[PDB]
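Visitor: Below: one structure in structure tokens.
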2 protein chains.
Amino acid sequence: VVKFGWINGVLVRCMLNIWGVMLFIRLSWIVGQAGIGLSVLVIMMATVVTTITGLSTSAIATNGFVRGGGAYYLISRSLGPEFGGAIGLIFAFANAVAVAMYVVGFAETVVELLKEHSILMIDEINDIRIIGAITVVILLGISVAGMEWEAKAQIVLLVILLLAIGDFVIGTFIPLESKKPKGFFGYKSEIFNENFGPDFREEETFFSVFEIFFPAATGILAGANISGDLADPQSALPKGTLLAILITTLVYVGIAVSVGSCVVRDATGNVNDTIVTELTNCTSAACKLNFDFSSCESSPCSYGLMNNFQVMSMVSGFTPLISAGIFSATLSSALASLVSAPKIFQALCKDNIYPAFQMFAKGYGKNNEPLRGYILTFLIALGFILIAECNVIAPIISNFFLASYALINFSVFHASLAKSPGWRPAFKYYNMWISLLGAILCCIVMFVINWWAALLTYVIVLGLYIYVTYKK
Amino acid sequence: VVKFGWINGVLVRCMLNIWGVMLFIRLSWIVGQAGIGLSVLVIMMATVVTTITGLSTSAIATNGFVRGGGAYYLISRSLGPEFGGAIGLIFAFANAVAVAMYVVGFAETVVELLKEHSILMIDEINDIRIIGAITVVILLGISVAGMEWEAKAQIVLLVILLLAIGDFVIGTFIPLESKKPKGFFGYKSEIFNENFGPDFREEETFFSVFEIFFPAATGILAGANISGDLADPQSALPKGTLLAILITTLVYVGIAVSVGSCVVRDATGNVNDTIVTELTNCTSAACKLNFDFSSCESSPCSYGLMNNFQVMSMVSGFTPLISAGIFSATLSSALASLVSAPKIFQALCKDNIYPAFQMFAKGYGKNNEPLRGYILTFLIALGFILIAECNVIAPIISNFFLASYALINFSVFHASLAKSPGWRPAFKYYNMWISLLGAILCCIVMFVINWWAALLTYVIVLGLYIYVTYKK
């Protein structure tokens with residue numbers, strides 16, 4: 001009954017869903033493994049992939065109201081809605097896995113914070129599961145409640161998150177002697193020259209680092225699916241998606257450069273650590289600033305840009321603000337994904353063909369909701385909650401999001417290559433060969449990363465294709 | 001004007017084209033690398049792939065006369081003729097690469113024979129190219145001339161090839177003391193126990209050996225494209241294809257068992273070699289028969305089931321007969337492939353869209369032929385003849401034949417999955433799900449073998465798809 005346009009919904013949703021856990025937690029590890037000159041390239045490559053997918057989905061949105069259906073005909077016009085259904089089923093399930101990953105990251109960071117606090121629970125690798133289950137139940141309860149409620153919560157969460165980023169940037173400008181043994185040094189050219197070259201610590205590669213990081217540059221299509229409840233589509237969707245992509249890539253580049261220019265991979269965090277910086281050889285550049293963070297490569301030293309996942313949290317002043325920003329990012333991304341997934345389930349499977357969990361009128365929560373599709377995505381998310389540490393989950397995020405984006409790009413290209421009398425796109429900058437390039441790049445990147453996993457996920461989406469086109 | 005049915009064309013052509021160079025040359029190396037218990041498994045797996053492809057093409061053949069076209073509509077009825085064109089272009093080019101491989105194998109074996117003879121040419125890795133070019137020009141001269149000519153020559157070639165196999169089998173039953181240091185021992189249980197276990201010599205794996213061997217179990221679909229000039233299709237094609245597949249699989253299994261039960265991996269071929277067989281430890285089973293072929297694992301010894309590619313040629317009596325059989329197999333397979341490829345070019349590209357090499361009336365040969373498609377396949381074949389030793393060519397054979405078979409299986413599946421009102425199969429044993437299984441198995445086997453090469457060939461066939469559906 002209430003409608004919103006061109007700024008709040010699309011822009012805030014895309015820009016908060018794109019700002020997931022990787023921005024504030026794993027980005028320090030990313031710049032630790034791959035150097036600045038390579039982390040920026042990873043950022044640019046992920047930006048290229050996601051912006052090609054955004055141009056792909058802009059052509060879908062800019063199309064007219066196709067009478068065939070607003071669920072699968074738009075995605076696949078030249079060919080049958082079968083790829084539309086397969087893409088919807090894979091992408092919504094990928095969104096469920098994404099909310100699972102985001103809330104796992106939230107659980108991990110809150111567990112780390114409470115471990116740094118007075119006391120902790122039984123196990124750091126088991127309490128994460130319990131707290132994640134509790135908070136995903138909380139999100140499930142809050143999602144069904146209200147429509148403008150979560151809009152206001154989302155805008156205030158964005159305000160808090162942006163204030164946290166500004167706080168971190170302000171902290172970078174302030175070199176504090178209070179933590180000298182910590183990696184933070186305060187814009188020293190020694191920290192830049194040393195960090196400019198990639199240094200893979202134990203077993204990671206350039207593409208493996210990209211594989212871990214990619215979940216960060218994904219999830220704009222979530223805003224796409226709020227088009228059902230959006231006032232003026234076909235302009236708002238492309239405008240908001242492109243602007244959110246630009247701003248998130250800019251902020252990622254800036255924060256990556258800043259974090260790479262303020263700390264080093266190896267730091268022997270300890271008060272007793274000699275920060276004298278005697279005139280020794282010390283070929284490693286870490287000694288240039290002072291004796292702090294010198295020569296801990298023998299055994300695994302304390303932390304700093306390579307062990308402490310909260311390096312950027314510690315570098316900023318008023319650490320509560322940084323932690324609040326992390327919570328805001330994780331919760332907002334999780335809420336957006338958990339809204340997006342079952343809504344796509346209902347939109348592209350409006351017949352409720354396979355399952356009937358509820359009566360499609362009542363539901364679970366304070367007030368009955370005629371959704372009946374939240375429970376399956378919640379169950380899948382909880383099933384992946386039963387595993388922790390967030391490390392093994394990201395492989396599933398990257399493969400499935402890349403598969404969905406590649407399928408979307410290939411479908412939109414095929415709609416623009418075949419005759420497709422009902423295609424008629426109206427977007428100014430949309431090109432068919434650019435979408436072909438994006439789809440091919442997605443496929444190549446997927447198969448380079450864990451080729452057997454890529455083959456398995458293609459076989460899975462193919463089996464989903466036969467399932468959807470056989471049951472129909 | 002002349003028509004033949006149910007025996008000669010389909011049966012002889014499939015059985016002669018399936019019996020390529022690998023039967024008489026590379027099979028000894030195959031059983032050398034992979035043991036009997038795995039060489040028979042490789043034989044059975046390749047048989048399963050090719051018989052699933054034969055069932056796939058039987059459904060195509062058993063279909064009625066589709067008015068859409070006898071070129072691409074039959075292959076792709078549910079979906080557009082675009083996959084039909086892409087499959088035709090990839091499969092005919094694969095046939096051209098196959099005739100190149102067959103003729104270069106003929107060149108290699110004749111070069112080896114003449115090297116064993118009095119004198120040889122300049123280089124053993126350069127004269128092969130010259131002799132291969134000369135004989136492929138001879139194939140051009142013989143292919144265009146006559147229709148019953150090559151039929152009678154093909155019958156004679158099959159007879160001489162079967163006689164050569166019989167001669168080899170009779171030689172296996174005859175243990176000759178004339179070559180004791182040679183690997184041949186004459187059905188000794190020690191030779192069986194040692195050979196039953198796999199032993200990959202330098203760098204090969206189980207799938208790499210299968211990759212090398214697979215060209216042997218390919219090429220039946222050549223006879224399929226003889227359906228244009230074949231008398232009574234839709235019965236003769238499946239009957240002959242299945243019967244030839246069964247016969248060639250039985251012969252492959254028998255010859256593999258025989259070669260694995262008559263020789264050993266290591267043999268120090270030398271008259272001065274002590275064949276005394278003193279009562280020593282000699283944990284290797286080679287010493288069990290006698291002192292011959294004992295302990296040459298330090299340096300690379302002479303030959304025998306691991307170095308001599310002509311091990312089965314040497315084991316049989318009247319080595320001229322074995323060499324004649326090798327020439328018969330190579331020449332027959334090359335002639336069949338070189339007939340099949342440009343005929344497919346003309347059949348599935350009857351518009352002569354891209355190139356016009358000739359006037360479509362004259363040609364190259366003793367008499368003018370309105371084909372005009374032989375020259376491009378010859379150019380590709382000679383270009384691949386410009387390299388030698390045929391070792392890197394087989395990777396190209398396996399990937400392309402597997403891609404063509406997988407595409408055919410997927411097309412016939414989707415024709416039986418979608419509505420496809422013009423599909424209507426009539427074959428009794430044709431099943432859609434076994435075709436799915438065959439297509440998936442082809443894809444998996446492709447991607448396990450040199451995953452980047454598999455991805456590249458899929459990208460190439462996809463680009464061919466855009467080309468054919470864009471120029472049309």
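Residue names in the structure tokens use chain letters A, B, ... in the order shown, residue numbers from 1 in each chain, and ligand numbers from 1 in the order shown.
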Mind listing as a count of residues only which residues of chain A are within 12 Å of chain B, counting only C-alpha atoms?
Guide: 45
Visitor: Could you give me, as a ChimeraX atom specification, the residues within 12 Å of residue 258 (chain B), counting only C-alpha atoms and dropping anything in the same chain fewer than 4 positions from it?
Guide: /B:27-28,31,36,39-40,165,168-173,184-188,191-192,195,251-254,262-264,311-312,315-316
Visitor: Quick one: write out the picked residues with C-alpha atoms as a short mmCIF file (atom, residue, chain, number, x, y, z; two decimals), in the first residue's frame?
Guide:
data_model
loop_
_atom_site.label_atom_id
_atom_site.label_comp_id
_atom_site.auth_asym_id
_atom_site.auth_seq_id
_atom_site.Cartn_x
_atom_site.Cartn_y
_atom_site.Cartn_z
CA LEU B 27 47.39 -51.26 -27.57
CA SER B 28 50.66 -52.81 -26.41
CA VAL B 31 48.36 -52.75 -21.62
CA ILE B 36 44.95 -56.27 -17.49
CA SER B 39 42.89 -52.27 -19.46
CA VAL B 40 39.75 -54.40 -19.73
CA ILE B 165 44.34 -60.67 -36.50
CA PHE B 168 48.53 -62.78 -34.59
CA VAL B 169 46.28 -65.03 -32.49
CA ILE B 170 47.86 -68.13 -34.03
CA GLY B 171 51.27 -66.65 -33.26
CA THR B 172 50.31 -66.25 -29.60
CA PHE B 173 49.71 -70.01 -29.41
CA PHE B 184 57.10 -62.97 -25.70
CA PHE B 185 56.95 -66.01 -23.40
CA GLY B 186 53.89 -68.02 -24.45
CA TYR B 187 51.11 -68.10 -21.83
CA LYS B 188 53.04 -68.37 -18.56
CA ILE B 191 53.49 -63.32 -17.06
CA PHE B 192 49.82 -63.12 -16.02
CA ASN B 195 50.71 -58.09 -15.69
CA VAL B 251 38.09 -58.43 -30.39
CA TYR B 252 39.63 -55.64 -28.29
CA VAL B 253 39.05 -57.57 -25.06
CA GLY B 254 40.48 -60.78 -26.50
CA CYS B 262 52.25 -63.24 -23.41
CA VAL B 263 54.75 -60.52 -22.49
CA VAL B 264 56.24 -58.50 -19.61
CA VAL B 311 55.27 -55.85 -29.84
CA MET B 312 52.22 -57.65 -31.22
CA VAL B 315 55.13 -61.76 -31.57
CA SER B 316 53.14 -63.02 -34.57
#
Visitor: Please indicate the distance in Å from CA of residue 38 (chain B) to CA of residue 98 (chain B), rounded to one decimal place.
Guide: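 It comes out at 25.4 Å.
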Visitor: For region 344-353 of chain B, find every residue with an atom within 9 Å (counting only C-alpha atoms), except residues of its own chain fewer than 4 positions away, and show them as an mmCIF file with C-alpha atoms, in the first residue's frame.
Guide:
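Output saved as out.cif:
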data_model
loop_
_atom_site.group_PDB
_atom_site.id
_atom_site.type_symbol
_atom_site.label_atom_id
_atom_site.label_comp_id
_atom_site.auth_asym_id
_atom_site.auth_seq_id
_atom_site.Cartn_x
_atom_site.Cartn_y
_atom_site.Cartn_z
ATOM 1 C CA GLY B 70 17.382 -34.357 -43.099
ATOM 2 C CA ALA B 71 20.397 -32.327 -41.988
ATOM 3 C CA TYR B 72 19.720 -30.735 -38.596
ATOM 4 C CA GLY B 84 22.431 -29.486 -35.148
ATOM 5 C CA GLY B 85 24.695 -27.195 -37.138
ATOM 6 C CA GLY B 88 27.851 -31.127 -37.455
ATOM 7 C CA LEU B 89 30.654 -28.578 -37.719
ATOM 8 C CA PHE B 91 32.002 -33.567 -35.577
ATOM 9 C CA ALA B 92 33.134 -33.256 -39.198
ATOM 10 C CA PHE B 93 36.177 -31.236 -38.132
ATOM 11 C CA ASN B 225 26.429 -40.337 -42.249
ATOM 12 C CA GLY B 228 22.418 -40.428 -47.292
ATOM 13 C CA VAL B 339 34.882 -39.749 -46.840
ATOM 14 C CA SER B 340 32.754 -38.989 -43.776
ATOM 15 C CA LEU B 371 31.705 -31.991 -53.771
ATOM 16 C CA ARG B 372 33.964 -28.927 -53.300
ATOM 17 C CA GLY B 373 34.160 -29.753 -49.590
ATOM 18 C CA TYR B 374 37.111 -32.141 -49.621
ATOM 19 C CA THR B 377 39.126 -31.016 -44.565
ATOM 20 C CA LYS B 471 25.027 -16.040 -39.892
ATOM 21 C CA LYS B 472 22.370 -18.732 -40.474
#
Visitor: Could you give me, as a ChimeraX atom specification, each residue of region 103-291 of chain A that DSSP assigns to alpha helix (DSSP H) when run on this structure's backbone?
Guide: /A:103-116,127-143,148-172,189-195,206-213,221-224,236-260
Visitor: Might you pull out every residue within 12 Å of region 421-428 of chain A, with only C-alpha atoms counted and same-chain residues fewer than 4 positions away left off, and present them as a PyMOL selection string?
Guide: chain A and resi 54-69+73-79+234-235+237-239+411-417+432
Visitor: Please measure the separation of CA of residue 389 (chain B) and CA of residue 87 (chain B), giving the value in Å to one decimal.
Guide: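 Between these atoms lies a distance of 28.5 Å.
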Visitor: With a distance cut-off of 9 Å and only C-alpha atoms, select the neighbouring residues of residue 8 (chain A), excluding the residue or stretch itself and same-chain residues fewer than 5 positions from it, and output the selection as a PyMOL selection string.
Guide: chain A and resi 13+151+155
Visitor: With only C-alpha atoms as the counted atoms, please give the residues lying no more than 10 Å from residue 107 (chain A), apart from itself and same-chain residues fewer than 4 positions off, as a compact mmCIF listing (two decimals) with N, CA and C atoms, in the first residue's frame.
Guide:
# COMPACT_ATOMS: atom_id res chain seq x y z
N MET A 101 25.90 -17.77 5.54
CA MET A 101 27.29 -17.33 5.67
C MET A 101 27.41 -16.01 6.43
N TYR A 102 26.53 -15.05 6.12
CA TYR A 102 26.59 -13.75 6.77
C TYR A 102 26.34 -13.87 8.27
N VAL A 103 25.35 -14.68 8.65
CA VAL A 103 25.04 -14.81 10.07
C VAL A 103 26.11 -15.67 10.76
N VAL A 111 31.51 -13.92 18.87
CA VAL A 111 32.23 -14.88 19.70
C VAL A 111 33.64 -14.37 19.99
N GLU A 112 34.31 -13.83 18.98
CA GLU A 112 35.64 -13.27 19.20
C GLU A 112 35.59 -12.09 20.17
N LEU A 113 34.58 -11.23 20.03
CA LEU A 113 34.46 -10.08 20.92
C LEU A 113 34.24 -10.53 22.36
N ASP A 127 30.23 -22.70 20.29
CA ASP A 127 29.32 -21.64 20.72
C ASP A 127 28.90 -20.76 19.55
N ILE A 128 29.75 -20.67 18.53
CA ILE A 128 29.40 -19.89 17.34
C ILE A 128 28.13 -20.44 16.71
N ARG A 129 28.01 -21.77 16.64
CA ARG A 129 26.82 -22.38 16.07
C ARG A 129 25.58 -22.03 16.88
N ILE A 130 25.68 -22.07 18.21
CA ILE A 130 24.52 -21.81 19.06
C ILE A 130 24.08 -20.36 18.92
N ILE A 131 25.03 -19.43 19.01
CA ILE A 131 24.66 -18.02 18.91
C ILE A 131 24.14 -17.70 17.51
N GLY A 132 24.71 -18.34 16.48
CA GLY A 132 24.21 -18.14 15.13
C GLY A 132 22.79 -18.65 14.96
N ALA A 133 22.48 -19.80 15.56
CA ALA A 133 21.12 -20.31 15.51
C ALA A 133 20.16 -19.36 16.21
N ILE A 134 20.55 -18.85 17.38
CA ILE A 134 19.68 -17.93 18.10
C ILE A 134 19.42 -16.68 17.27
N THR A 135 20.47 -16.11 16.67
CA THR A 135 20.26 -14.87 15.94
C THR A 135 19.56 -15.10 14.60
N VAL A 136 19.73 -16.27 13.97
CA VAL A 136 18.97 -16.50 12.75
C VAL A 136 17.50 -16.72 13.08
N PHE A 327 28.48 -5.47 13.31
CA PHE A 327 27.16 -6.05 13.57
C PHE A 327 26.13 -5.51 12.59
N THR A 330 26.71 -7.17 9.08
CA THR A 330 26.31 -8.58 9.04
C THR A 330 24.80 -8.72 9.14
N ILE A 385 24.30 -23.43 9.18
CA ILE A 385 24.73 -22.94 10.48
C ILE A 385 25.41 -24.04 11.27
N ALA A 388 30.73 -24.17 11.06
CA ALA A 388 31.19 -22.88 11.54
C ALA A 388 32.49 -22.49 10.86
N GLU A 389 33.07 -21.40 11.37
CA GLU A 389 34.37 -20.85 10.98
C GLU A 389 34.32 -20.16 9.62
N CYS A 390 33.19 -20.28 8.92
CA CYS A 390 32.89 -19.48 7.73
C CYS A 390 33.86 -19.76 6.58
Visitor: Fewer than 5 positions away in the same chain doesn't count, so skip those; otherwise give me all residues within 9 Å of residue 218 (chain A), counting only C-alpha atoms, as a list in words.
Guide: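 Here the qualifying residues turn out to be residues 17, 18, 19, 20, 46, 50, 398 and 401 of chain A.
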Visitor: Please produce an output containing C-alpha atoms for each residue in the selection, written as a JSON list (two decimals), in the first residue's frame.
Guide:
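Dumped everything to part03.json:
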[["chain", "number", "residue", "atom", "x", "y", "z"],
["A", 17, "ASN", "CA", 23.63, -6.14, 1.02],
["A", 18, "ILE", "CA", 26.88, -5.67, -0.91],
["A", 19, "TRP", "CA", 28.60, -4.59, 2.35],
["A", 20, "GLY", "CA", 28.74, -8.01, 3.96],
["A", 46, "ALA", "CA", 34.91, -8.62, -8.91],
["A", 50, "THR", "CA", 29.10, -7.75, -10.75],
["A", 398, "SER", "CA", 31.15, -17.99, -4.86],
["A", 401, "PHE", "CA", 26.51, -16.76, -7.19]]
Visitor: Would you please work out which residue, of B:326, B:25, B:321, B:242, is nearest to residue 429 (chain B) when using only C-alpha atoms?
Guide: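 Of all the options, B:242 lies closest to residue 429 (chain B).
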Visitor: I'd like to know which of B:408, B:457, B:194, B:378 is closest to residue 364 (chain B), using only C-alpha atoms.
Guide: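 Among the listed residues, B:378 lies closest to residue 364 (chain B).
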